[PDB]
Every structure is written in structure tokens, then in C-alpha cells.
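So the structure is just underneath, and the comments pick up after that.
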Amino acid sequence: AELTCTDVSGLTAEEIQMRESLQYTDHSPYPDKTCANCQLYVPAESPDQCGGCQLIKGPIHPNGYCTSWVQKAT
Ligand code: SF4
């Protein structure tokens, strides 16, 4: 199975609510906007693990997205 980053069981209800507010998804709807090209992403320690985010808590997929995506590209 591919890497999934939707296990929110270590988060508080309020932290989950923020993630939902921002429409976090593992599968970005946009070809050109993913967590991996967002300024707030923190890459994983292995490509076989989820990364993280400075803005929302919990596991974060590099192919994912939320509506607060902050462009890296100059
Ligand atoms: S701010 Fe949103 S798009 Fe950027 S890394 Fe975090 S979850 Fe992904």
C-alpha cells in the first residue's frame, strides 16, 4: 500500500478541526500545489513515512494539500 497520512488519532479534537477547516487531503486536487512545494512542509525522515507541517498537526503527505498552501516557487 502507498503511504497514507490520514491517521489523526494522536491529535486533540481541536487539532483535527483545524486540519479539516483547511481541507487537508493526502491527494492534492491541484497538479502544481502540494505539500512538497509548500513553504510550511517539513519532509519526512524517509520517503516511506509521512512528513509534517508547521501549520497543522499530525502526519502530512508530500502529495497532499490544504487551502493554506504557501508557494515555495519564486
Ligand atoms: S500548509 Fe497545507 S499545503 Fe502547506 S505543508 Fe501544511 S498541509 Fe501541506
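Ordering of the C-alpha cells sets the chain letters (A, B, ...), residue numbers begin anew at 1 in every chain, and ligands are numbered from 1 in the order given.
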Which residues form the shell of 7 Å around ligand 1 when you count only C-alpha atoms and all ligand atoms, given as an mmCIF file with C-alpha atoms, in the first residue's frame?
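That gives us selection.cif:
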data_model
loop_
_atom_site.group_PDB
_atom_site.id
_atom_site.type_symbol
_atom_site.label_atom_id
_atom_site.label_comp_id
_atom_site.auth_asym_id
_atom_site.auth_seq_id
_atom_site.Cartn_x
_atom_site.Cartn_y
_atom_site.Cartn_z
ATOM 1 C CA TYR A 24 -6.205 18.757 4.431
ATOM 2 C CA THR A 34 1.267 20.008 -2.983
ATOM 3 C CA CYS A 35 2.763 19.974 0.476
ATOM 4 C CA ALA A 36 6.123 19.149 -1.083
ATOM 5 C CA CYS A 38 4.695 24.464 0.143
ATOM 6 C CA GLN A 39 6.849 26.655 2.391
ATOM 7 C CA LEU A 40 5.354 25.135 5.566
ATOM 8 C CA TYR A 41 6.146 21.476 4.813
ATOM 9 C CA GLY A 52 4.812 17.242 8.889
ATOM 10 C CA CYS A 53 3.658 20.803 8.652
ATOM 11 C CA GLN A 54 4.405 23.972 10.590
ATOM 12 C CA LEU A 55 0.706 24.935 10.436
ATOM 13 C CA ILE A 56 -1.354 21.843 11.033
ATOM 14 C CA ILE A 60 1.300 15.082 6.324
ATOM 15 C CA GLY A 64 -1.170 16.376 -0.066
ATOM 16 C CA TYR A 65 -2.649 19.848 0.166
ATOM 17 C CA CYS A 66 -4.533 22.245 2.387
ATOM 18 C CA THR A 67 -6.034 25.639 1.484
ATOM 19 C CA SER A 68 -3.279 27.486 3.335
ATOM 20 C CA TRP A 69 -0.638 26.236 0.823
ATOM 21 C CA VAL A 70 2.159 28.810 0.717
#
Let me make sure I understand: among A:49, A:63, A:4, A:74, which one has the smallest atom-to-atom distance to residue 32 of chain A if we use only C-alpha atoms?
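Among the listed residues, A:63 lies closest to residue 32 of chain A.
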My list of candidates is A:1, A:62, A:47, A:18. Which is closest to residue 33 of chain A when distances are computed with only C-alpha atoms?
A:62
Which of chain A DSSP labels alpha helix (DSSP H), written as a ChimeraX atom specification
/A:13-21
Residue set, segment 7-61 of chain A restricted to strand (DSSP E or B), as a count of residues only:
8
Polymer residues at most 8 Å from residue 3 of chain A, only C-alpha atoms, same-chain spacing of 3 or more positions, as number ranges by chain:
A: 48-50, 61
Find the distance between atom CA of residue 26 of chain A and atom CA of residue 57 of chain A and write it in Å to one decimal.
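The value is 13.7 Å.
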Can you list, as a ChimeraX atom specification, every protein, DNA or RNA residue that comes within 8 Å of residue 37 of chain A when you count only C-alpha atoms, leaving out same-chain residues fewer than 5 positions away?
/A:71-73
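Distances to residue 8 of chain A were evaluated for A:21, A:28, A:58, A:42 using only C-alpha atoms, and the minimum falls at A:58.
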